[PDB]
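S.K.: Just passing along the structure, written as structure tokens.
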Amino acid sequence: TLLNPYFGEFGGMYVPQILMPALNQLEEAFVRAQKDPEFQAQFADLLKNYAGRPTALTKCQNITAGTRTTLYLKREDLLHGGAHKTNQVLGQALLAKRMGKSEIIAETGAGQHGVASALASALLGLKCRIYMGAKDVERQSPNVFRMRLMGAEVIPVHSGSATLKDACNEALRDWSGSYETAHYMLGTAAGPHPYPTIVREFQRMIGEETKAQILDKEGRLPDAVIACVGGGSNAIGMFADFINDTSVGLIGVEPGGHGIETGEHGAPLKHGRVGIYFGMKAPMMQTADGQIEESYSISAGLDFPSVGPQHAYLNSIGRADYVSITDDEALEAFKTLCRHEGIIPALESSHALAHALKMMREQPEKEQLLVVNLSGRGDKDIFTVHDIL
Amino acid sequence: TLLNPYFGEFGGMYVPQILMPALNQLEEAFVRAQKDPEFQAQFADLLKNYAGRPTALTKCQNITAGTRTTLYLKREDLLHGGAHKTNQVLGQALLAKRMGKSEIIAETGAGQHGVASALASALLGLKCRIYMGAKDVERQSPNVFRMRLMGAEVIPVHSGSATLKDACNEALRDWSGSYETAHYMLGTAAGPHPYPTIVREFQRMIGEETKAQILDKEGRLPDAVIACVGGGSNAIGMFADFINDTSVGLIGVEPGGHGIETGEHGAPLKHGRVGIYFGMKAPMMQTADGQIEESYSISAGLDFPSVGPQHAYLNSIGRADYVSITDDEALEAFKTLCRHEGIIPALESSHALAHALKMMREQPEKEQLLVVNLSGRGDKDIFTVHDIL
Amino acid sequence: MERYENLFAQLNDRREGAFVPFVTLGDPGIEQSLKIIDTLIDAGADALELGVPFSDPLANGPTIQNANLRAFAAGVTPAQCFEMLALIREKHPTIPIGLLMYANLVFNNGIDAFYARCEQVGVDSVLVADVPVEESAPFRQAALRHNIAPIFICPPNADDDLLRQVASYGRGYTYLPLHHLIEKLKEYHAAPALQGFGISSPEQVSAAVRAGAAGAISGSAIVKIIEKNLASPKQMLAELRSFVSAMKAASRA
Amino acid sequence: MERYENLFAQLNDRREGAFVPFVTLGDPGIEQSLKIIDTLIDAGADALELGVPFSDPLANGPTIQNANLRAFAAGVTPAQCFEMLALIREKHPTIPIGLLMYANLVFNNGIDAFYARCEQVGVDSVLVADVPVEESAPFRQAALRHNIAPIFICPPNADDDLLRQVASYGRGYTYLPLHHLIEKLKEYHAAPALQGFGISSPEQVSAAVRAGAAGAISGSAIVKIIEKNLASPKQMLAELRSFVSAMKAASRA
Ligand SMILES: Cc1ncc(COP(=O)(O)O)c(CN[C@@H](CO)C(=O)O)c1O
Ligand SMILES: Cc1ncc(COP(=O)(O)O)c(CN[C@@H](CO)C(=O)O)c1O
Ligand SMILES: O=P(O)(O)OCCCc1c[nH]c2ccccc12
Ligand SMILES: O=P(O)(O)OCCCc1c[nH]c2ccccc12
Ligand SMILES: [K+]
Ligand SMILES: [K+]
């Protein structure tokens, strides 16, 4: 390969031999594209004039009133589509085109990636077919209809547990024979190389923007940047530009679900065991036998049973720290943001906010400049929250 | 008054004497605020860092392929909240604060204004109470819950036909006694002076931005700017900066509903009679007797039975032209945008797009630079459209 | 116009104030409404305030709003209201008849034509609830040339500049510290003031008269009785009679 | 390892190719599965390809996916699969036994330990479906020191650089223009090739052997028969017997 497929011991390209050429082709395309002024110019044009970048960095005073905490929220919820997924999905679509590919294959848990994949494809004239877990089809019907309205062919998977992991399974199955004309648009910074690297690079503008915006408004780097972690794309996008800034803390928040001890969670990085699946070596939810399980969370977007390899590595070396937040904690953060700032965050993003609220509340006299990555809007979550209350 | 309450013969301040001081106070506050560098600085800060301005101006190539039409869409759907309503709602909230008022009263048809009113109030620490038409409460339940999540007190109106016009009635009733401490946040560029003027000025950034963006990308002004017209705020916001640019056409699109001839429409400006209500003299939906009727449309946001006085005036002098678009036409435009550009527009905005599509299709060899005001996103409309298909 | 002149002169000779009840025309039905009005007059009403059902009662509270609904349920229309007005005048030659209107029904098909119809049926005054002093020009002008008295509301938040306008523009009666407004109006020679701040008890009428007002208007209290005895029209009348006699007794005593 | 050596030598003396059926261990139940395997062997199978049920069959089609579901429905676990493997070996001393595995079940609790268990139960080869030549180092090393043959897939999109690696790394057999790959493998002295491109008919077996392959592997076709006779276990066996005999007959003739 042109680039290192590993982040320490994590990563690799654990796919059937038949798929290696596809991975190698994609890596070469990415490397050439990254050196191409014109690829970058078009990517940037789409991000600005189509997706709406740069996103705002909102200082939230009402929520931190009475504490020494200054909180800023990176507004990815304002991005076209309502979530950060659009960023990388646009870059990957341009990559597919660079390779002369006219078709796109994608997978989804929460319909956000499929919707983002469907929108990008509609925009760039690509034939898109999405793989959704049969269960998630009925759970995320609005997202399903949206995908259809944008012309993508939605395909439910009834295999295994009929969820994200099995969907990711079907998409790969397809790609194994169609790689020649179709591009598999992976939805997070996980999977086999070069996906973890590609997704990070196509999401890094989140962190680069946050840096410029915080320097402009505060004249200094934040003490810490916090983001939820499902597969790891929104978090790594925020983290990327701050990795070499040693003074900046990088905090990833995994779903604690009903509580780590209950076993009903989706926090493999801190509460799972390293295994090999999804084409990579990374920590994951699995039985003592080695059978892979599902990640539980109130938020569907954080149901990936594994985590991006770069996150597992940044953790191992102590560069980034990972914590977990319970459904009830996220729900509370969700309610608090709506009432105090007039912003409805996605339940996913609410886990990041929930942690920042904990950092503030536990030590109210600690002076800290925090940035929470608001990865998406929670309009999609009003019903769920309403069913709980 | 400090300013002219009339746009030709349209406008005025047709409210009970008891409410005149409130109107006069508001006008003075607005005039002082408009001359205040600090009011403008804070308004601008909120618009940029909180709402996400400036919004993008997307050139849509796929939809105009094969015609001499170049279409750009002003992305108000990307604004915090998902619609243009947030702009003026933020300015009015700052105005209320300028007057030392701590409470807000608002009205709604489609829950968008109430939601925008609730978000602004939550942000600026204002006690907000919303008036929604009893029927609309059940129709726009998601918007209702959102208002509640943001702490606003939602109040359904069972009077009259239990819709927007009756809601506007209840809000006024309240204000008549509470004007001293509460500000009535009108949701459109209609009603008694100074509201039509205030709402326009607090929405004019849409047009000012469009102008700079079109000059930057095209090096010339557009041949025409098109926007839907319910009460008239999004349209006047777009029109405002182009009024003195005589070469730029201003096209307003009213809902034709099931067809003008069926009587089931909401196009009073071109198919109604001038009357006096909502505190103003303007064309409206009314019986031969003078009893006011409701405006019908597939989109709830275009159900205001009257129109802003400045629109009626711009029409009378031939500066702006108003046309209508049927439910089926809007629905088609809705479908076309999703499939060809990966953007889900609000059914309201779809009426504006539908007309621009007609201008293109009817004369495909006519060279024209058009700008459609995409006033809001259609996520809220996926179900409705899905019920039709 | 002049019917007010005569009434107020008479009342003064008798050293008593005017009690004026308000009701919605056609509530709860044309026939029952006509009977309600005759009962009000028979029970002691010195003048009448009559509203025509409008789709959007911009300045009407619950009680009155419901009156409009009942009226509309009976299919009452402004044309039907004018027919009722002519009949009421034919039966009672001297009671001042005042209309409580909304701007659109007056403006609908000509402001001047509306005032012509009023003069034709024998109406004495017209109060357009949603037309403030600042927008009254065409209404007061059309009213005056048709011998109709333009009635204006002197609100609690009224400055001296408003008091002067109300005094100069109004005729028949002025719809009303309280003594301040009353005395300032008299100073400016405004039409006799009739207090209208939720008057529902006999003590409220004497209080208004003692304060220097020429009388008091009662609306909700009247309609309330109707809403209560909707199922017993005869008891409605009996209760209305008792209320009005009680209120009128309070104006002289 | 060596069981493959002997089989291929024997087959060559007989001038015939190897027919190798694939089945999921414990599908549709442990007992029925053990019987299916004995029937395959009795009907003519030269070697066996056995898969252990994995939660996420990354490289498995519908037929096989359903096999995993049935196996899991019967509660089959890898530990149970190793117990089955020991029993199968105890009954049949010479048939080469190959495992079709997924990386996680091998890596789960030690790659080396997995290969130790394989050697202990009498397994001959292990093909880790999701471990490409580029990630095989630890797997092939652990396999070799436990006398297990590391099996590699030579895909259709294989370049010369891949052919050389497969030839150098693989042992026992190579999982396979076609003649080009076959002859290049032989040129590089790769382990005897066994074709695996959806082989479901007798003509496909002779074709593979005629092309220069040492044999053919049949999976879906085998499992298909099981899925069909799920309600008639005895008929399942009878049909399996007929199929295998037909396929084997095609390798010699
Ligand atoms: C707003 C938002 N923020 C965070 C995430 C979690 O993933 P990330 O860690 O890759 O950023 C999601 C994921 N959503 C997944 C569901 O598994 C998808 O297929 O779309 C999201 O929708
Ligand atoms: C996206 C969008 N675009 C256009 C309009 C129509 O009004 P406008 O003409 O004032 O801009 C609406 C109105 N919506 C009204 C419903 O009557 C409200 O109370 O919220 C909107 O939601
Ligand atoms: O209900 P009450 O007793 O306060 O009546 C008040 C009388 C006249 C009245 C009836 N309806 C109105 C609408 C607007 C302005 C005044 C009125
Ligand atoms: O179904 P068939 O006939 O094509 O079988 C092919 C045989 C071995 C086989 C069974 N399951 C697999 C999973 C991955 C790679 C190879 C296999
Ligand atoms: K995860
Ligand atoms: K309208």
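FYI, nothing fancy with the structure tokens labels: chains A, B, ... in order, residues from 1 per chain, ligands from 1 as they appear.
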Select the residues contacting ligand 1 at a distance of at most 9 Å, based on only C-alpha atoms and all ligand atoms, then format the selection as JSON, numbers by chain.

M.R.: {"A": [76, 77, 82, 83, 84, 85, 106, 107, 108, 109, 110, 111, 112, 113, 114, 115, 116, 132, 163, 164, 165, 187, 188, 189, 190, 227, 228, 229, 230, 231, 232, 233, 234, 235, 236, 237, 254, 299, 300, 301, 302, 303, 304, 307, 308, 345, 346, 347, 348, 349, 374, 375, 376, 377, 378]}

S.K.: Please identify which residues in stretch 97-341 of chain A DSSP calls strand (DSSP E) from the backbone, and express them as a PyMOL selection string.

M.R.: chain A and resi 103-108+127-133+153-157+182-185+224-228+249-257+273-277+280-284+320-326

S.K.: List the spatial neighbours of residue B:62 as number ranges by chain - criterion: any atom at most 7 Å away, only C-alpha atoms, same-chain residues fewer than 2 positions off excluded.

M.R.: B: 60, 64-65, 340-341

S.K.: Please provide as a PyMOL selection string all residues within 8 Å of stretch 2-13 of chain C, with the sequence filter that same-chain residues fewer than 5 positions apart are discarded (counting only C-alpha atoms).

M.R.: chain C and resi 18+46+94-96+124+172-173+192+214

S.K.: Restrict the selected residues to N, CA, C and O atoms and save them as a short mmCIF file (atom, residue, chain, number, x, y, z; two decimals), in the first residue's frame.

M.R.:
data_model
loop_
_atom_site.label_atom_id
_atom_site.label_comp_id
_atom_site.auth_asym_id
_atom_site.auth_seq_id
_atom_site.Cartn_x
_atom_site.Cartn_y
_atom_site.Cartn_z
N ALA C 18 -77.69 56.66 32.25
CA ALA C 18 -78.19 55.75 31.23
C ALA C 18 -77.63 54.35 31.39
O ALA C 18 -76.45 54.19 31.66
N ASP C 46 -82.08 52.20 28.33
CA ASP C 46 -82.20 53.58 27.83
C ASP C 46 -81.72 53.73 26.38
O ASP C 46 -82.15 54.63 25.66
N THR C 94 -87.85 56.08 19.80
CA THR C 94 -86.88 56.95 20.47
C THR C 94 -85.59 56.40 21.07
O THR C 94 -84.67 57.18 21.34
N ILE C 95 -85.51 55.10 21.35
CA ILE C 95 -84.28 54.55 21.93
C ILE C 95 -83.11 54.72 20.99
O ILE C 95 -83.22 54.49 19.79
N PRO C 96 -81.98 55.22 21.51
CA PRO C 96 -80.82 55.38 20.64
C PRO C 96 -80.30 53.97 20.33
O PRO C 96 -80.22 53.12 21.23
N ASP C 124 -78.48 55.06 15.10
CA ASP C 124 -78.03 56.35 15.61
C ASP C 124 -76.53 56.54 15.68
O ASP C 124 -76.04 57.65 15.46
N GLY C 172 -72.71 61.75 19.96
CA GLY C 172 -73.62 60.82 20.62
C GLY C 172 -73.16 60.47 22.01
O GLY C 172 -73.82 60.82 22.99
N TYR C 173 -72.05 59.75 22.11
CA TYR C 173 -71.49 59.38 23.40
C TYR C 173 -70.04 58.94 23.22
O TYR C 173 -69.63 58.57 22.12
N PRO C 192 -71.41 62.82 25.94
CA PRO C 192 -71.57 62.18 27.25
C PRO C 192 -70.88 60.82 27.28
O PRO C 192 -70.98 60.03 26.35
N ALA C 214 -72.14 59.66 32.25
CA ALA C 214 -73.55 59.79 31.91
C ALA C 214 -74.25 58.43 31.93
O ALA C 214 -75.47 58.35 31.82
#

S.K.: Within stretch 151-262 of chain B, find each residue whose DSSP state, derived from the backbone, is helix (DSSP H, G or I), and express the selection as a PyMOL selection string.

M.R.: chain B and resi 164-178+195-201+205-218+233-242+260-262

S.K.: Taking only C-alpha atoms into account, find every residue of chain A that has an atom no more than 6 Å from chain B, and write it out as a list in words.

M.R.: residues 49, 50, 52, 56, 58, 119, 122, 123, 149, 150, 151, 338, 339, 340, 341 and 342 of chain A

S.K.: May I ask for the distance between atom CA of residue B:294 and atom 5 (O, counted along the ligand's line) of ligand 3, given in Å to one decimal place?

M.R.: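 Calculated distance between atom CA of residue B:294 and atom 5 (O, counted along the ligand's line) of ligand 3 is 28.1 Å.
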
S.K.: In Å, how far is it from atom CA of residue A:74 to atom CA of residue A:367?

M.R.: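 Separation of atom CA of residue A:74 and atom CA of residue A:367: 19.9 Å.
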